[PDB]
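> Numbering (the entry's author numbering), first residue to last: 3 to 169.
Beta carbons are placed, not taken as given, at the ideal position from N, Cα and C, and that holds for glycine.
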Ligand SMILES: O=C(O)CC[C@@H]1CN(c2ncnc3[nH]c4cc(F)ccc4c23)CCO1
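(1) Which residue or residues does DSSP assign as beta-bridge partners of residue 124?
(2) Compare the Cα-Cα distances from residue 106 to each of 128, 160, 52 and 155 and report the closest residue.
(3) Please determine whether the Cβ atom of residue 32 lies at a distance below 7 Å from any heavy atom of ligand 1.
(4) Using only the alpha-carbon positions, how far apart do residue 111 and residue 139 sit?
(5) Compare the beta carbon distance of residue 108 and residue 130 with 8 Å and say whether it is the shorter of the two.
(6) State yes or no: is the C-beta of residue 46 nearer than 7 Å to some heavy atom of ligand 1?
(7) Quick check: what's the CA-CA separation for residue 33 versus residue 91?
(8) Please tell me whether residue 165 and residue 13 are closer than 8 Å, where the distance is taken between their beta carbons.
(9) For residue 167, name the three-state secondary structure that DSSP assigns.
(10) Considering only the alpha carbon of each residue, which of 80, 160, 163 and 134 lies closest to residue 223?
(11) Just the Cα atoms here: how many angstroms apart are residue 156 and residue 53?
(12) Within its chain, find whatever has a CB closer than 7 Å to the CB of residue 49; leave out the 5 residues flanking it on each side and keep chain order.
(13) Which residues mark the beginning and the end of the alpha helix (DSSP H) in which residue 55 is found?
(14) According to the Cβ coordinates, are residue 100 and residue 75 closer than 8 Å?
(15) Whole-angstrom Cβ separation of residue 160 and residue 17, contact assumed at under 8 Å?
(16) Return yes when the C-beta of residue 52 is under 7 Å from any heavy atom of ligand 1, and no when it is not.
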């Protein structure tokens, strides 16, 4: 038993809710919240901009030190950093950004990072400003993640479409 509430169950291990991941994180305080990161950990907009703003920019400060030490992530890769006031940990995962021409096949590699964590609160990778089809992203999630994932979908309209079209 865990504290996630109001989710629709899609499969044995994948759950979905119309929710603001920031508000969901502040209420649940999950062990892991997933950020929709880029390779530079520049949290300017989308999910990343919203999560960073909710930490009063502490996520960005920590991220800049990480990059100065380690260099950029790989597309499809991840790193674990603090969850600040939102979660114990933040798993920064880089899905491919279609608006940069990155290979959509890397979406499966991005979701594989979730399997290193038993339970996660997450957005749909490569959705939103990353330019992928959220329905494809949901399919890859279900077919790749084996650990327990709670997906927060900000837009009510997209949420309804994802549920109604789910196979
Ligand atoms: O941008 C991509 O491709 C990655 C996928 C994201 C998912 N994302 C969100 N998911 C869940 N909660 C969210 N709260 C937000 C508050 C904001 F100010 C902006 C975005 C979100 C947001 C919406 C945009 O797409």
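Reading from the atomic positions:
(1) 153
(2) 128
(3) no
(4) 12 Å
(5) no
(6) no
(7) 6 Å
(8) no
(9) coil
(10) Nothing in the structure corresponds to residue 223, since the chain is present only between 3 and 169.
(11) 13 Å
(12) 23, 37, 38, 125 and 130
(13) 48-56
(14) no
(15) Incorrect: roughly 16 Å between the Cβ atoms, too far for contact.
(16) yes
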